[PDB]
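Read through the structure below, which is laid out as structure tokens, and then see the notes.
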Amino acid sequence: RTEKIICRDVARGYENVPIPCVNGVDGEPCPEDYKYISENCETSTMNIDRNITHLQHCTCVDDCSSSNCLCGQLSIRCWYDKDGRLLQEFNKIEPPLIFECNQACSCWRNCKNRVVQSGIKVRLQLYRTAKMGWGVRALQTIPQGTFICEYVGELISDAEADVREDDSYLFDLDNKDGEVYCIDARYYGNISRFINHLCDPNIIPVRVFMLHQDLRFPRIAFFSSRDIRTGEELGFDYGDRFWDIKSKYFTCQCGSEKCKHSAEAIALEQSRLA
Amino acid sequence: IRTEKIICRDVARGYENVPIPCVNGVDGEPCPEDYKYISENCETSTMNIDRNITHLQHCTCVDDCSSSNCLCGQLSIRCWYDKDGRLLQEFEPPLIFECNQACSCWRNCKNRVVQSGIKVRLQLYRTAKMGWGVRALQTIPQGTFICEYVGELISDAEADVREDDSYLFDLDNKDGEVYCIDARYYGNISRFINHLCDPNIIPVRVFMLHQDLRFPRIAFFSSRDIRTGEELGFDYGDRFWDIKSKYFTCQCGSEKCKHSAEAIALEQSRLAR
Ligand SMILES: Cc1c(C(=O)N[C@@H](CCC2CC2)C(=O)Nc2ccc(C#N)cc2)[nH]c2c1C(=O)CC(C)(C)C2
Ligand SMILES: Cc1c(C(=O)N[C@@H](CCC2CC2)C(=O)Nc2ccc(C#N)cc2)[nH]c2c1C(=O)CC(C)(C)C2
Ligand SMILES: Nc1ncnc2c1ncn2[C@@H]1O[C@H](C[C@@H](N)CC[C@H](N)C(=O)O)[C@@H](O)[C@H]1O
Ligand SMILES: Nc1ncnc2c1ncn2[C@@H]1O[C@H](C[C@@H](N)CC[C@H](N)C(=O)O)[C@@H](O)[C@H]1O
Ligand SMILES: [Zn+2]
Ligand SMILES: [Zn+2]
Ligand SMILES: [Zn+2]
Ligand SMILES: [Zn+2]
Ligand SMILES: [Zn+2]
Ligand SMILES: [Zn+2]
Ligand SMILES: [Zn+2]
Ligand SMILES: [Zn+2]
């Protein structure tokens, strides 16, 4: 079947680049059972602290590439290299919080510590996969450590998440201390709502602070964990919490030799304990 | 002969769509730094703007929002944008409702002028008699968006007690409590726009990515064709000058000046008759 292009830009011009949609698998048209938003939204108010006097900020008179940058120190160091990519030694299993520079800092808008707030730069495509519904793939090579996109949706409380019927787009912010919040991309979301789980993932989520530092509401940034080839599907590890629940209802279709959540893998992890 | 020096390549530090340089060919005054340049309004207490996406009025247009059927255009009061993004008015103050994240239209539709930011080239420069001012670096057709009045959102009760009121902009909320934008400590290029009795820009209230009626945003549009080099200015209003004329008079130098010593005396002469 021909790979028809069915939307020139699912983001309707809201991103720095278009995100087209194609389907060469079945007759499903472009997905429209949600509202594309490029930045997080609220229905009920979350009362995010946006008091500018509450911000920690730097006093740098350079490009914030020195070890003197107070915003880099809020994460030990600035984990961005000169090209805006995560460093090699960056912890990819236990990422630190990133504090980017903000409107209170003395530095310029193009300092070295503003990667996520500058938006999508790589060419992505929404496409129909063979076995996992819609997915997202790269239309270019992407070096390791490159910012891909943010997990964008509706900010909700943990209590609201628990009464939501469809949890297939629910991202837990993992607030360890105090009030717990989630991003639900079911009704409002961006391209990230279509990114599938891979047991051999090529992107990782990182918690980032930009225009506010209300620690209840980290923003979720995906960075590539290795070099990604053109045409390669993007995916992150949804985590054992997700699969511990969902695997009762469906198993992983990633098809990797390393797959941890397939029907075969589940049967092995069960036949063992027996 | 004193030469003009470029003393800052961009007072906005890269936050605007274009750089806004500062020059001084008048005196020894250094680039103004007794404030924090911000490109968007800030808060220093709980304002918590209502951004509930489900409560935004929005349109369903599948075109570029150029038709009269666009709900957002229909909500706008006594004004509209032409095909080039220029504001036309009837001349009750105008009120603009731009399209937003809830509308079905694209980010580049015809009802997105103010939210797309500064497009005209402006310069902060030292004036002869009015301190710093802002002038055009290009021809600006009538109705063109110039810049937004940006600063610290405060309640009118807080505005009543601020010590330096030289940068205080009253939003004049009709229904509900009144709020103000104070650009004294945090502000953008607009904090430097002087009063002119022959003004060439006008402030217009606008809603964009929220419709929290406490906080219209203030957008300046040209009220006539402006030539390169002309100082930009708006009418600060009689309420400003009724109070401030005790302390200083208007130095705009226009033959139409309303607030010089001579104009005030003449107005007092007219009232006495
Ligand atoms: C992967 C991850 C998450 C996360 O929420 N995943 C989602 C899966 C992906 C969403 C796109 C769906 C998840 O588990 N949903 C979920 C769980 C249970 C039920 C039920 N019944 C329903 C839905 N939260 C953090 C991570 C991290 O890697 C690190 C962190 C600090 C950013 C914190
Ligand atoms: C001009 C204007 C305003 C406005 O606040 N001006 C400022 C002057 C300019 C600021 C850049 C300084 C103003 O008066 N300050 C002020 C008044 C009294 C005292 C004392 N003691 C101190 C300071 N507010 C609207 C307008 C309009 O034209 C229409 C509107 C609907 C947008 C509503
Ligand atoms: N590895 C996977 N194996 C099977 N199904 C998956 C896998 N990854 C994602 N999915 C499906 O996609 C859902 C998660 C969505 N956030 C991803 C986009 C989804 N594919 C869609 O078409 O809307 C899951 O709840 C599954 O239904
Ligand atoms: N027409 C005017 N005549 C005299 N002073 C003016 C005039 N317009 C503005 N000013 C001065 O500028 C102040 C308002 C500021 N928002 C404008 C920028 C100011 N010129 C500065 O250098 O910072 C007023 O309180 C006056 O001190
Ligand atoms: Zn810094
Ligand atoms: Zn910086
Ligand atoms: Zn900083
Ligand atoms: Zn798998
Ligand atoms: Zn419309
Ligand atoms: Zn609209
Ligand atoms: Zn529109
Ligand atoms: Zn005057």
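Naming scheme: A, B, ... for chains in displayed order of the structure tokens; residues 1 onward per chain; ligands 1 onward as shown.
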
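Using only C-alpha atoms, the part of chain B that sits within 8 Å of chain A is made up of residues 13, 14, 15, 36, 38, 42, 43, 44, 45, 46, 48, 50, 51, 52, 53, 54, 101, 105, 106, 107 and 108 of chain B.
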
Sort by chain and increasing residue number a table of all residues of chain A within 9 Å of ligand 5, each with its closest pair of atoms and their distance in Å to one decimal, counting only C-alpha atoms and all ligand atoms, and write it as JSON lines.
{"residue": "A:57", "atom": "CA", "partner": "ligand 5", "partner_atom_place_in_ligand_line": "1 (Zn)", "distance": 7.5}
{"residue": "A:58", "atom": "CA", "partner": "ligand 5", "partner_atom_place_in_ligand_line": "1 (Zn)", "distance": 4.5}
{"residue": "A:59", "atom": "CA", "partner": "ligand 5", "partner_atom_place_in_ligand_line": "1 (Zn)", "distance": 6.0}
{"residue": "A:60", "atom": "CA", "partner": "ligand 5", "partner_atom_place_in_ligand_line": "1 (Zn)", "distance": 4.4}
{"residue": "A:61", "atom": "CA", "partner": "ligand 5", "partner_atom_place_in_ligand_line": "1 (Zn)", "distance": 7.6}
{"residue": "A:62", "atom": "CA", "partner": "ligand 5", "partner_atom_place_in_ligand_line": "1 (Zn)", "distance": 7.5}
{"residue": "A:63", "atom": "CA", "partner": "ligand 5", "partner_atom_place_in_ligand_line": "1 (Zn)", "distance": 6.9}
{"residue": "A:64", "atom": "CA", "partner": "ligand 5", "partner_atom_place_in_ligand_line": "1 (Zn)", "distance": 3.9}
{"residue": "A:65", "atom": "CA", "partner": "ligand 5", "partner_atom_place_in_ligand_line": "1 (Zn)", "distance": 7.4}
{"residue": "A:66", "atom": "CA", "partner": "ligand 5", "partner_atom_place_in_ligand_line": "1 (Zn)", "distance": 7.8}
{"residue": "A:67", "atom": "CA", "partner": "ligand 5", "partner_atom_place_in_ligand_line": "1 (Zn)", "distance": 8.8}
{"residue": "A:68", "atom": "CA", "partner": "ligand 5", "partner_atom_place_in_ligand_line": "1 (Zn)", "distance": 7.2}
{"residue": "A:69", "atom": "CA", "partner": "ligand 5", "partner_atom_place_in_ligand_line": "1 (Zn)", "distance": 3.8}
{"residue": "A:70", "atom": "CA", "partner": "ligand 5", "partner_atom_place_in_ligand_line": "1 (Zn)", "distance": 5.8}
{"residue": "A:71", "atom": "CA", "partner": "ligand 5", "partner_atom_place_in_ligand_line": "1 (Zn)", "distance": 5.7}
{"residue": "A:72", "atom": "CA", "partner": "ligand 5", "partner_atom_place_in_ligand_line": "1 (Zn)", "distance": 6.9}
{"residue": "A:100", "atom": "CA", "partner": "ligand 5", "partner_atom_place_in_ligand_line": "1 (Zn)", "distance": 8.9}
{"residue": "A:101", "atom": "CA", "partner": "ligand 5", "partner_atom_place_in_ligand_line": "1 (Zn)", "distance": 6.7}
{"residue": "A:105", "atom": "CA", "partner": "ligand 5", "partner_atom_place_in_ligand_line": "1 (Zn)", "distance": 6.9}
{"residue": "A:106", "atom": "CA", "partner": "ligand 5", "partner_atom_place_in_ligand_line": "1 (Zn)", "distance": 7.5}
{"residue": "A:107", "atom": "CA", "partner": "ligand 5", "partner_atom_place_in_ligand_line": "1 (Zn)", "distance": 6.1}
{"residue": "A:111", "atom": "CA", "partner": "ligand 5", "partner_atom_place_in_ligand_line": "1 (Zn)", "distance": 7.7}
{"residue": "A:112", "atom": "CA", "partner": "ligand 5", "partner_atom_place_in_ligand_line": "1 (Zn)", "distance": 8.3}
{"residue": "A:113", "atom": "CA", "partner": "ligand 5", "partner_atom_place_in_ligand_line": "1 (Zn)", "distance": 7.4}

Determine which residues of region 70-140 of chain B receive a DSSP assignment of alpha helix (DSSP H), computed from the backbone, and state them as a list in words.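 Listing alpha helix (DSSP H) positions across region 70-140 of chain B yields residues 71, 72, 73, 74 and 75 of chain B.
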
Could you name the residues that touch region 131-147 of chain B at 7 Å or less, counting only C-alpha atoms, but leaving out those on the same chain fewer than 3 positions away, as a CSV table (one decimal) with C-alpha atoms, in the first residue's frame?
chain,number,residue,atom,x,y,z
B,86,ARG,CA,-2.8,46.1,10.4
B,87,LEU,CA,-5.5,47.2,12.8
B,88,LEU,CA,-8.5,49.0,11.6
B,114,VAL,CA,0.3,40.8,18.8
B,118,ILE,CA,7.8,42.7,17.5
B,120,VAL,CA,9.3,46.7,13.3
B,121,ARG,CA,12.8,47.9,14.0
B,122,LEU,CA,13.0,50.2,17.0
B,123,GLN,CA,15.9,52.0,18.7
B,124,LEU,CA,16.3,53.2,22.2
B,125,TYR,CA,18.0,56.7,21.9
B,126,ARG,CA,18.8,59.7,24.0
B,127,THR,CA,16.4,62.5,23.4
B,190,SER,CA,7.8,50.2,26.0
B,192,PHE,CA,11.0,54.1,27.5
B,193,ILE,CA,8.2,55.5,25.2
B,194,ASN,CA,7.6,59.1,26.0
B,219,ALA,CA,-0.4,46.5,22.5
B,220,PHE,CA,0.7,49.7,20.8
B,221,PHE,CA,-0.3,50.2,17.2
B,222,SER,CA,0.7,53.2,15.0
B,223,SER,CA,-2.1,55.7,14.6
B,224,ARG,CA,-0.7,57.2,11.4
B,225,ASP,CA,2.1,56.5,8.9
B,226,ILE,CA,5.4,56.9,10.8
B,227,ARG,CA,8.7,57.8,9.1
B,228,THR,CA,12.2,56.5,10.0
B,229,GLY,CA,13.7,58.5,12.8
B,230,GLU,CA,10.4,59.7,14.3
B,231,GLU,CA,10.1,59.4,18.1
B,232,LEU,CA,7.3,57.0,19.0

If you count only C-alpha atoms and all ligand atoms, which residues end up within 10 Å of ligand 12, as JSON, numbers by chain? {"B": [195, 196, 197, 198, 199, 235, 249, 250, 251, 252, 253, 254, 255, 256, 257, 258, 259, 260, 261, 263]}

Export C-alpha atoms of the chosen residues as a tab-separated table (two decimals), in the first residue's frame?
chain	number	residue	atom	x	y	z
B	195	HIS	CA	4.36	61.16	26.02
B	196	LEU	CA	3.66	63.17	22.90
B	197	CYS	CA	0.83	65.68	22.52
B	198	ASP	CA	0.98	64.84	18.80
B	199	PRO	CA	1.07	61.06	19.35
B	235	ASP	CA	-0.98	60.28	24.90
B	249	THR	CA	5.71	70.14	32.25
B	250	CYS	CA	5.56	68.49	28.85
B	251	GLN	CA	8.67	69.01	26.71
B	252	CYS	CA	7.30	67.47	23.51
B	253	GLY	CA	7.82	70.79	21.74
B	254	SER	CA	4.77	70.40	19.51
B	255	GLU	CA	2.80	73.45	18.46
B	256	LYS	CA	-0.16	71.37	19.69
B	257	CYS	CA	1.35	70.78	23.14
B	258	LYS	CA	-1.32	70.62	25.85
B	259	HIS	CA	0.86	70.49	28.96
B	260	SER	CA	3.57	73.13	28.60
B	261	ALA	CA	3.56	76.12	30.94
B	263	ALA	CA	-0.68	75.66	27.29

Protein and nucleic residues near ligand 10, 9 Å, only C-alpha atoms and all ligand atoms, as a list in words: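 Sorted by chain and then by number, the residues are residues 57, 58, 59, 60, 61, 65, 70, 71, 72, 73, 97, 98, 99, 100, 101, 102, 103, 104, 105, 109, 111 and 112 of chain B.
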
Please run DSSP on the backbone and report, as a VMD selection string, all residues within region 39-228 of chain B that come out as strand (DSSP E). chain B and resid 42 to 43 79 to 81 87 to 89 95 to 97 122 to 126 132 to 136 145 to 149 151 to 155 168 to 170 179 to 187 194 to 195 201 to 207 217 to 222

Would you mind listing what lies within 6 Å of region 85-99 of chain A as a list in words, with only C-alpha atoms counted and same-chain residues fewer than 6 positions away left out?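 Within the cut-off, the hits are residues 71, 75, 79, 145, 146, 207, 208 and 209 of chain A.
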
Kindly work out which residues sit at most 10 Å from ligand 1, using only C-alpha atoms and all ligand atoms, and give the list as an NGL selection string. :A and (92-97 or 151 or 161-162 or 164-176 or 182-186 or 192-197 or 204-208 or 218-222 or 235-246)

May I have the residues from that selection written out with C-alpha atoms, as a compact mmCIF listing (two decimals), in the first residue's frame?
# COMPACT_ATOMS: atom_id res chain seq x y z
CA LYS A 92 20.99 8.12 31.39
CA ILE A 93 19.42 5.71 33.92
CA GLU A 94 19.15 8.27 36.75
CA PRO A 95 19.00 11.71 35.09
CA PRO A 96 19.42 14.76 37.32
CA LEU A 97 17.00 17.64 37.31
CA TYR A 151 5.92 15.32 26.83
CA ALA A 161 -5.59 10.78 37.17
CA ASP A 162 -7.05 7.93 39.25
CA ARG A 164 -9.57 9.08 34.37
CA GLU A 165 -10.93 6.26 32.21
CA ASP A 166 -8.22 6.16 29.52
CA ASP A 167 -4.74 6.11 31.06
CA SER A 168 -2.81 5.26 27.86
CA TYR A 169 -1.42 8.83 27.73
CA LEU A 170 -0.80 9.43 31.45
CA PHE A 171 2.74 10.41 32.47
CA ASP A 172 3.50 10.46 36.19
CA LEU A 173 5.90 13.21 37.25
CA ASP A 174 7.10 11.01 40.15
CA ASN A 175 6.99 13.78 42.75
CA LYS A 176 8.70 11.96 45.62
CA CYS A 182 0.63 13.92 36.16
CA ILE A 183 0.58 15.00 32.54
CA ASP A 184 -2.42 13.48 30.77
CA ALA A 185 -2.05 13.73 27.00
CA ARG A 186 -5.33 11.93 26.25
CA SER A 192 4.95 12.87 22.30
CA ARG A 193 1.56 11.27 23.03
CA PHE A 194 2.22 9.03 20.02
CA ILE A 195 5.68 7.79 21.10
CA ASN A 196 5.60 4.06 21.76
CA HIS A 197 7.35 1.92 24.33
CA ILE A 204 15.03 9.11 27.67
CA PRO A 205 12.80 11.46 29.70
CA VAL A 206 14.48 14.17 31.77
CA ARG A 207 12.82 16.52 34.25
CA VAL A 208 13.51 20.16 33.40
CA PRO A 218 8.83 19.47 36.22
CA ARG A 219 8.48 19.49 32.47
CA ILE A 220 9.41 16.26 30.71
CA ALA A 221 12.05 16.52 27.98
CA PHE A 222 13.06 13.60 25.75
CA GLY A 235 10.67 5.14 21.86
CA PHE A 236 11.36 5.27 25.57
CA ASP A 237 11.03 2.72 28.37
CA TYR A 238 7.53 3.26 29.77
CA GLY A 239 8.75 1.56 32.96
CA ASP A 240 7.83 -1.52 34.96
CA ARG A 241 4.99 0.31 36.73
CA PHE A 242 3.18 0.64 33.40
CA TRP A 243 3.80 -2.94 32.27
CA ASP A 244 3.10 -4.53 35.67
CA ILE A 245 -0.48 -3.31 35.19
CA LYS A 246 -0.94 -3.28 31.42
